[PDB]
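So here's one chain in two forms, each on its own in structure tokens, numbered structure 1 and structure 2.
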Structure 1
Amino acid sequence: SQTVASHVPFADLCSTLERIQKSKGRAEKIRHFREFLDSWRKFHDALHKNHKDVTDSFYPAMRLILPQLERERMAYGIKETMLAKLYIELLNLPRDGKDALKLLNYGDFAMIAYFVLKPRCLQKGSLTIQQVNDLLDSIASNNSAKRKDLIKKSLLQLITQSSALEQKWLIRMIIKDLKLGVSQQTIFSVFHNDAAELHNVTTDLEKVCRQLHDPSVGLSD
């Protein structure tokens, strides 16, 4: 019943992505990712120590790290132009104001929002990776259900309880373009030797994460 994702602050995922994006070289980008992956695997073993048929895996993080491969969640229905409006309303921005204009007259959108949010209010987030996923789930469902009001509420929960850095990264997760500077093939290859292969055949991110959870146990076993 318990999940590693329920114990990991979204902020630690985001600070990892930030250091990855910020690294110049491939080796450094890999090192930041590997560190988070390795901790996740150590914690998984401590958490699920004496448990039976465990289905928990790295999927709740991996689906945020490779969001373009997201298949379980339907489309979010979220455009950068409407996030702009959501922030102007939420932050009580005057539309003649400098921050409002930056958002309206839209180095992606995530970065603009980031510069706007950085000097403001909340500096430390509270959400776990699981809670972020549960909320992205509501957003996707409510897009299918054609409930734009419930989408705004869920998004508002995600945004208001998160730091600027988390919001930058959340935005990129929703748009499905992290701009990390490391390929999907590289990410898969750090995770597991066989992961790129398994994903080719299954097109199934959760299956890959769960079946190849143990780096020393290959597809052939």
Structure 2
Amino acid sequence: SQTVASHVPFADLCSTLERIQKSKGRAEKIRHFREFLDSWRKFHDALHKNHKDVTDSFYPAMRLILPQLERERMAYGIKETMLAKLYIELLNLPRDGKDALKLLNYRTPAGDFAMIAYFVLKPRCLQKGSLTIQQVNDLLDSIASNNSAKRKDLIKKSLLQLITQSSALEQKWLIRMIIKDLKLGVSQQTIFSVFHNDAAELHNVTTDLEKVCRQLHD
């Protein structure tokens, strides 16, 4: 294809986020996030060596890592109650049953909704993962668009297209990307710091003495 995100599976990002949040202390979280950046540039290089000059923009992933900074999309219009209904009827859950009961309780304490839905969604599985980062971004684009058109029908439709092709883990992190709080235990400007420091460290500014002369002279 034409972008790196079209080839990176959403399961890679969800994996990185899962071990980031599971990691204690910042060293490990930064280390996993950096593992994801290195995997990203690795995909870029593989695509180049298969004669696919793609862009290496990290924005398709950064918009999912920092959803509260999402600004090209509009509001999804998805509240936690909506997803509660969606998952009750999707898995044919009995109303007033144990799992649905847990789903309707709106405890806002890091035991958020996404962990509840993931707890119910771990026993009953799904065909692992099949979507890439770009396809997830396209479906979220569609949810924000349908919401901008005041079309809850199509919001539930696109959301179901996301859910039926995402593993339980992928849905756990998808919910957090919709609600716009990932609970990673790492700060936004820490992610920005590692993102800039990575590129800066790996850049190796090759000394160019003539260039340097023209620089200090002006």
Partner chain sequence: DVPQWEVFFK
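So that the term is clear: the rigid core is the largest set of C-alpha atoms that superpose within 1.5 Å between two forms. FYI, numbering is relative to structure 1, first residue = 1.
Enquirer: Where is the form solved without the partner chain shown, in structure 1 or in structure 2?
Expert: Structure 2, not 1.
Enquirer: Quick one: once the rigid core is lined up, does residue 183 have its C-alpha move by 2 Å or more between the two structures?
Expert: Moves: no, less than 2 Å.
Enquirer: Residue 207: after superposing the rigid core, is there a C-alpha shift of 2 Å or more between the two structures?
Expert: Yes, shifts by 2 Å or more.
Enquirer: Core-aligned, does residue 46 move its Cα 2 Å or more between the two structures?
Expert: The answer is yes, as the C-alpha of residue 46 shifts between the two structures by 2 Å or more after core alignment.
Enquirer: Report, in Å with one decimal, the C-alpha displacement of residue 195 between the two structures after core superposition.
Expert: So the C-alpha of this residue moves 9.9 Å.
Enquirer: Could you check how much the CA of residue 125 shifts between the two structures after a rigid core fit, in angstrom?
Expert: A shift of 1.0 Å at the C-alpha.
Enquirer: For residue 14, what C-alpha shift in Å is seen between the two structures once the core is overlaid?
Expert: Residue 14 is displaced by 0.1 Å at its C-alpha.
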